[PDB]
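Sequence first, structure after, both from an experimental entry:
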Amino acid sequence: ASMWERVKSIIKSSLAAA
Amino acid sequence: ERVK
Amino acid sequence: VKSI
Amino acid sequence: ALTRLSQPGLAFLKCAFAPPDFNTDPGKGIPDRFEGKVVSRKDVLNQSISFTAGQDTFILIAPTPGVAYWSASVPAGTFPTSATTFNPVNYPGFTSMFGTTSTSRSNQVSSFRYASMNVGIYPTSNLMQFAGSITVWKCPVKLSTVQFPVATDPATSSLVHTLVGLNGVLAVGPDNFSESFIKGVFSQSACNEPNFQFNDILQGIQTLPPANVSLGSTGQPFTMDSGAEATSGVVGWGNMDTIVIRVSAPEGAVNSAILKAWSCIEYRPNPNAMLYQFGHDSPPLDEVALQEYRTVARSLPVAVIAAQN
Amino acid sequence: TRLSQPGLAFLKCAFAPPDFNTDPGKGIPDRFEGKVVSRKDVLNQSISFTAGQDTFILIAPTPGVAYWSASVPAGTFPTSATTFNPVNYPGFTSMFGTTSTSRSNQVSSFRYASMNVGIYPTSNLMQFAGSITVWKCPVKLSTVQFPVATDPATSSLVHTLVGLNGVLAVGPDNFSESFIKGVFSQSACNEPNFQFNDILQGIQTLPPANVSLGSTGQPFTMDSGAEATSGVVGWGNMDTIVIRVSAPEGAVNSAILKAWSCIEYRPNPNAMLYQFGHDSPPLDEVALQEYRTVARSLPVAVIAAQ
Amino acid sequence: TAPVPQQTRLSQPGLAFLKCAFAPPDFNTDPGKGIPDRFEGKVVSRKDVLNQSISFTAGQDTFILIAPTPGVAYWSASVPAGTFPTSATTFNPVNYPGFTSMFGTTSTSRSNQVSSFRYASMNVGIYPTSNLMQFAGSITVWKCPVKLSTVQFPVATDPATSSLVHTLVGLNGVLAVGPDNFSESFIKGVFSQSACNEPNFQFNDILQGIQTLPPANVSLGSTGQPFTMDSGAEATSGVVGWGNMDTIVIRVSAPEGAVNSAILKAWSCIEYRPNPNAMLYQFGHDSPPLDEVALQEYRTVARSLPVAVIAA
RNA sequence: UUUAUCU
C-alpha cells in the first residue's frame, strides 16, 4: 500500500465515521 | 452594500 | 457548576 | 468524503502528507481563516550520502527555513557528547532569499509558517556489504532563552536564545521506528501547535550557542554551527516537532543512500522583495481540511519503510 | 444570517468611517471573554507639506501612536541617515506615564481591532500639486543577536524590526493617485486568530541607544523622543501602512488628516480606568468570517470623497 | 487630466477536562487525556496538589498569590497592617511537592525533562483551623492580568551596550485592592479558580537560568517592577515558564493580637511536551481530539463564575 | 465554445 493510500484510507474512514 |  |  | 474539501485545501494536503507522489505540488497555501497575500514555495533537496563505517551518524530535521537537515558523526554505540558539533545543509537557493550576512536575513521576507516536513531515504548500497540499522523518533524541540548574570564594569546579566527539549535527542525515544538499513525509510512531521501562527525571522544568528557564550551555560547538550555567515545561516524556528534519525554503521559496512526533503512552507513578501510578484492570498478557511490534517497527522506511524513512501 | 450586536459594532468601527460609527464596539467576538476595555482612538489634525520635499508616513500597530513621519528630498527613498518622529493620539501620556519604565502600570497587554487612516485635501484648484501613492508592508517585531567585545566579551540581544526593508521601493500593487483626490485606507489583522501582545518597557528608540545601526540590519532609525512626550509601547499584529506624498516645490498642499483605530487592552486592577472595562463578547462565527472576507475584498486604498 | 489606472454530549475527555478546572481536589478528579486541543500531539498531563498548614504573623498583612509559573504553588510576601507591597519587600517561592525531580538542581538544566507546558486550570483553597474567639481579620481577593514582558535599556560600558532582560508587567495593579473582588471574615475561608488569559491554548516554552526577578546586576528601578522576586536557591526552586493565566491575588489582614491558623490547598492541571529521553514520556497519551461543546463550555463557565466563593 | 481536480 502506497502513502497517498494510507492517507486517503483514514480520510474516507474518519469522514465516514460520524 | 459596504456601509451595511 | 453545571448550571446551563 | 473527498468531495467535501475545498480544492485549494487539497493541493495543500498533498503538499503536506504525500509530497513524494505528485511530481509537482505548488499548493495554494493554507486554508487558514486568514487570507492575505503570501507566497507558497515547496522545498525539495536531493542529496547522495556516504556513511562513515563504524560510526552512528545522526541527522536532524528541524523547522528552520532554508536548511533541510543537520548532521554529525559519532562513534558507534554512543550518542552525541557535549563536544560534538552539528553542520547544516542548505536547501537549494538559501543564499538567494536570506542574503549573505546574518544582517540580511529579514530583507527578503518578514515571517513564515510551516506546512509539512517530509523526509526520504533510499538505500543505494549493494545487498552484499550493506549492514546496519535506521532508527527514528520525533523530538518536541522549541526555541527559547536563558538569562545568566555576567561580571563586567558595571556588571549586567545578558539574556540570549537557547534550545529546550534538546537532550531528548540522546536517548532512543519510546515512540520510534527501527529497521534494517536496506529497507530505508520515509516519514513526516506535523504542526505542534493548536493554531498556525506566523513566527518572525531572526537575524544575526550564525550559531547556537552564539559566540562569547559558553555551552552548558545554556544547559544545551551540544553545539549548532551554521558556519560562515555567507555560506549558511539560521533564520527561525517553526512550530514543528523536529525529527531525529540515527544510522548505525557496523564497521566494514558499505552503506550509501539518496536523501529527499519536502518542506511545504509559506512566507510573506516585502514589496521591495522582487519575489513578491507571485504572491497569492491565503486561501479561505476550509473546516474539513483542518480536521483532516489534524486527523491524519495523529493516525500516521512515526515512520514507514522506504519502499512504501 | 444573523449575528449579535457586539460582533456588529466591532465590524462597524473596523470598516465604517468614523462619521457613521460613534461607538467602538463592546469588544471583539472571539473565544476569549475575560475583562477587557475597548477604546476607539481618533487623531484629527491639519498639516501642510514641506514644499519640494517628499514626505513619507507610516501607520504602525504601535499603541498610542497615530503615525510616524519624516521628510526626504523629492523622489528619494529613506536612507540610513533619515529618522522618523511619531505623533501621539491625544492623552497618550495619560496612560503610559512619563517614563519608559511606567508603561505597564495602567495596562498589561493588548491587540488591535482595526487601524484606519484618511486624508482630506484643503488646497484650492490653482495651488495644489503632486501625487500620493500607497502600499502595505508586512512588518513584524523581531530580535537580533550579535557578538560584543568587552571584558569579558559577550553577545547581547536587542529588539529589531523586520520587513522594514519593503519601504524603500513602492509596492508592485498600490494606490497611485493625484494629491487632490485624497485617499481613505485601512489595515487588518496580520494573524489567523487574535493574540494579546504584552506591553514593552524601556523602549524609546530603535535601534536602541548604544547600538550601531549597521549591526541592527534595519534601513533607518526611529526615535520616540523624551520618555515624557512619547514612547514605544507595543507592536501589534497588523500589516503596516506606507504612504508617499509628492510635494512639488512651487506648490501649496494643505490637508486634513484623520486616523482612528479601535483597540482592546487588559486593565490592571489598580488602574483608574479598570471600571469602564466590560467582559470580551462571546464567540461569533458569522462576524469572524465576514471580517476576514471584507478584508480580502477591500482594495489597497480608495479615493477620498468615497 | 487623465485618471490613472491601478492594476449535551461533549466527548468524555472534555467531561474529565472540564472537571479539572472547577472540581475540588476532594473529588479526586483525574487530569484526563488533556484539552480538546485542536492539536493532537503527544502530551502528558498532570494534576499538581499541595497542602500547606500555616500560621499568620499577627499585625502583619500577608500577601500571597498564585503563580501561572510551573513548579511553584504560590508566593508569599508579608508587610505591616494596612500597608501594600514595596520596592523593599521581596517574595518567597514555595514549590509543589516533587519539584526538584522534574527541573533538576541547576537553573540551566530546567529544560531536559520537558520542552513546553500549557496550563489547564489553576485553583486554590483556604480552610480555617482557628477557634471562634482566637481568630481575627479578613480575606480579600482579586485576579491580575500579569504577563511576562521584556524591558530594554542601555548601560554604559566600554564598549557600551543595550542589554535587555525579562520584566513582569501588571504588577502595578497588585498594590491597590481590585474593583472586582471577594472580601470576607477570615473564618469563612475562601475558594477560587483562574481561567485562560488568551483564546489560544498555545504552548508556552520552558525557560532557563531565571532564578531572581529582577535578575541580578539589575536595579529594581531600571526594571519598572514594583518589587522583587526571590528565585531562592537555584537547586531548591526556580521559575521555568510563565503561563497565559490571570494571576490570582489574596491578602489576609491579621489585626493585632489575633492568631489565625488555617490549611491551604492548591492544585492545577497542566500539559507538557515530554522529552523523548524523560521517564515521564512513557505515560503520555495524545491531546484529545478537538471538541467544540467543551471548548465553549470552558469559556461560558469562566464568565459565569464569581471572583471567589465562601469556603463551605 | 475554449486551458488543474474527483469516483
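That came in fine, so what should we check first? Numbering: from 1, shown residues only, chains lettered A, B, ... in the order given.

residues contacting residue 14?
Answering for chain A, as no chain was given. Residue A:14 sits next to D:291-292, D:295-296, D:299 when contact means CB atoms under 8 Å, 6 or more residues apart in numbering or on different chains. C-beta here means a position set from N, CA and C on the backbone, and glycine is covered the same way.

Let me rephrase: I mean chain D.
Contacts here follow CB under 8 Å, 6+ apart; on that basis residue D:14 touches A:4, D:21-22, D:25, D:27.

same thing but at 7 Å, please
D:22, D:25 (CB atoms under 7 Å, 6 or more residues apart in numbering or on different chains).

That one in helix, strand or coil?
helix (DSSP: H, G, I helix; E, B strand; the rest coil).

Same question for residue D:10.
Here residue D:10 is helix, with the state taken from three-state DSSP.

Distance of whichever residue of chain A sits closest to chain E relative to residue F:285?
Residue nearest to chain E within chain A: residue A:18 (19.8 Å; CB to the nearest CB). Residue A:18 sits 22 Å away from residue F:285, going by CB to CB, to the nearest Å.

Likewise for residue D:81?
Taken as CB to CB, the span from residue D:81 to residue F:285 is 33 Å.

which residue packs closest to whichever residue of the stretch 101-250 of chain D sits closest to chain B, ignoring adjacent ones?
Distances between the stretch 101-250 of chain D and chain B by CB to the nearest CB are smallest at residue D:198, namely 28.3 Å. Closest residue to residue D:198 apart from its sequence neighbours, by CB to CB, 6 or more residues apart in numbering or on different chains: residue D:111 at 4.2 Å.

so who does the one you found touch?
Applying CB under 7 Å, 6+ apart, the residues near residue D:111 are D:198-201, D:267-268, E:140.

is it possible to export the residues you listed to TSV including secondary structure?
Converted to TSV, those look like this (three-state DSSP):
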residue	secondary structure
D:198	coil
D:199	strand
D:200	strand
D:201	coil
D:267	strand
D:268	strand
E:140	strand
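
rewinding a little: determine which two of the contacts of residue A:14 are furthest apart.
For the contacts of residue A:14, the farthest-apart pair by CB to CB is D:291 and D:299; their separation is 12.0 Å.

how far away is the residue nearest the centre of chain D from residue D:235?
Residue closest to the average C-alpha location in chain D (CA atoms, centre = their mean): residue D:62, at 2.7 Å. Going from residue D:62 to residue D:235 by CB to CB gives 11 Å.

How about residue D:299?
31 Å.

And for residue D:21?
For residue D:21 relative to residue D:235 (CB to CB), the value is 28 Å.

Comparing the two, which shows the higher neighbour count?
Here residue D:21 and residue D:235 are compared on neighbour count by other CB atoms under 10 Å in any protein chain shown; more neighbours surround residue D:235, at 26 against 14.

so who does that one touch?
Counting by CB under 7 Å, 6+ apart, the residues that residue D:235 touches are D:64-66, D:98, D:105, D:201-202.

can you give me the helices for chain A?
Secondary structure of chain A (DSSP state H): helices at A:4-14.

which bits of it sit near chain D?
Neighbours of chain D within chain A, by CB under 7 Å from any CB of the partner chain: A:1-4, A:7, A:10-12, A:14-16.

Which of those residues are buried, as a PyMOL select command?
Here is the PyMOL command that selects the buried residues among the residues of chain A next to chain D (16 or more other CB atoms under 10 Å in any protein chain shown):
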select buried, chain A and resi 3+4+7+10+11+14+15
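
out of the residues of chain A next to chain D, who's nearest residue C:3?
Distances from residue C:3 to the residues of chain A next to chain D, taken by CB to CB, are shortest for residue A:14, at 33.7 Å.

about what we covered before: please tell me how far the residue nearest to residue D:198 sits from residue E:163.
Distance check for residue D:111 against residue E:163: by CB to CB, it reads 8 Å.

What about residue D:10, how many residues nearby?
Around residue D:10 there are 17 residues (other CB under 10 Å).

Just list the residues touching the residue nearest to it when sequence neighbours are not counted, thanks.
Nearest residue to residue D:10 in three dimensions, chain neighbours excluded: residue D:289, at 7.5 Å (CB to CB, 6+ apart). Residues near residue D:289 by CB under 7 Å, 6+ apart: D:5-6, D:9, D:12-13, D:31.

Also residue D:272?
E:165-166, E:168-169.

Bridged to the residue lying closest to residue D:246 once chain neighbours are set aside, which residues?
With sequence-adjacent residues excluded and distances taken as CB to CB, 6+ apart, residue D:246 is closest to residue D:135, at 4.4 Å. Here residue D:135 shows beta-bridge partners residue D:178, residue D:246, assigned using DSSP bridges.

Do I have it right that residue D:135 meets residue D:176?
Yes - under the criterion of CB atoms under 7 Å, residue D:135 makes contact with residue D:176 at 6.1 Å.

And those two? Which one has more around it.
residue D:135 (19 against 15).

any idea how far the more buried one lies from residue D:189?
As it turns out, when the distance is counted by CB to CB, residue D:135 lies 16 Å from residue D:189.

now residue D:59
Taking CB to CB, one finds residue D:59 at 13 Å from residue D:189.
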